[PDB]
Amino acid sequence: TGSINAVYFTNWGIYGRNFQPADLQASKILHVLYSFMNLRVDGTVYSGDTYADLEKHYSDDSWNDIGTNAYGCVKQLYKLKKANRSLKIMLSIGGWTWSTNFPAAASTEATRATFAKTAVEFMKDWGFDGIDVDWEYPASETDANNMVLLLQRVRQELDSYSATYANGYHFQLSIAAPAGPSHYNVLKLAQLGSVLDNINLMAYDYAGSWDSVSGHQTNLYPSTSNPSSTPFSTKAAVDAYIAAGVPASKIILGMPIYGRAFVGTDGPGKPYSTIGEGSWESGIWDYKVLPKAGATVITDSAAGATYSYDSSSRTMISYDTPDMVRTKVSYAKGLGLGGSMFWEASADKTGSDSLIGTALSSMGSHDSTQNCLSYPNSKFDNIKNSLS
């Protein structure tokens, strides 16, 4: 019953962004994509921040617990799982920055087995509900085939783990997927659709500093009036995936909780001086600070995009408004897509202007699939006891 509402939570969001797991709208999210784990060329998955993942003590945490115990974001997320049964926690591996070793990690039966075995080990120790593989991106036909083999080996490991320790609980397996044809045309889409529970389409980052002209970063449709503003489109991607034999219900529509800026520009599809400053890096702004004073919010209904434009500073910021999220959900419903996904949690507004909340309101009811609260093989005593 219901729709998927998947949200990236970054483990570095606990520093400088001061965004802790407890701040999530846990009752409005069915999948937390907990990001990221790193990996070696030999397939070994590992924590890139044990402090954030496991060791940080929140005000509730004791220093003198009996045995070996999990703290950090892991314990915090598990707390949320107990209180919100539709909340699945996914172990996200790789990502934009940590995809360099994927080709090698997927390359042999031995490396794929290591990746399986180490990934599931984290899942079963940390009390998570599945694995999300974010390989950006397979380059060759060999990589594409290896990706399928890797995912099948992970599926095998999840199934065997579950038969032994989870009474057949169906742990989940997903990927972050490209909306760029140069990348999705490499993938074995039909095979991916068969093996995976969900395919989270990264329907954003269509425009930025790498473009000669400003553009819409997350538009639904090609612009016929101003095509230089739309180098990509969600529609082309979704159509390609569905035509390939990917079940629409497994496709989850990614949406940005941030804006991409073009400073010193006449508007979409123009010349721009610089991407300018940002919230945490140049040219990217947290949704929660948009729109800025002096900027007007513009809707291009034909392209299916919103953006702010400030004509005095000649600054365009490409981002999704709540009413853009509503429009996108309506598009997704028409195609029978499985739900929504967001990058990333910390930047969202509160109350009704939350993009995460807006999406769920538009979607209707939340995915009823129950999480797992039984981890009898966890090396952490508190996790094995379900924090009871």
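Sequential numbering from 1, following the sequence displayed.
- Stretches 49-57 and 65-73 differ in mean C-alpha B factor, with the higher average recorded for 65-73.
- The deposited model assigns a higher average Cα B-factor to 137-145 than to the other stretch when 202-210 and 137-145 are compared.
- The entry assigns its greatest Cα B factor, within the set 216, 88, 270, 170, to 270.
- Taking the PDB entry at face value, the top CA B factor among 220, 284, 293, 316 belongs to 293.
- Sort the modelled residues of the chain by CA B factor and residue 250 lands in the lowest third.
- Placement of the Cα temperature factor of residue 3 within the chain: middle third of the modelled residues, per the deposited record.
- Ranked by Cα temperature factor within the chain, residue 159 sits in the middle third according to the deposited record.
- Split the chain's modelled residues into thirds by C-alpha temperature factor. Residue 353 is in the middle one.
- In this PDB entry, the Cα temperature factor of residue 298 sits in the top third of its chain's modelled residues, the highest group.
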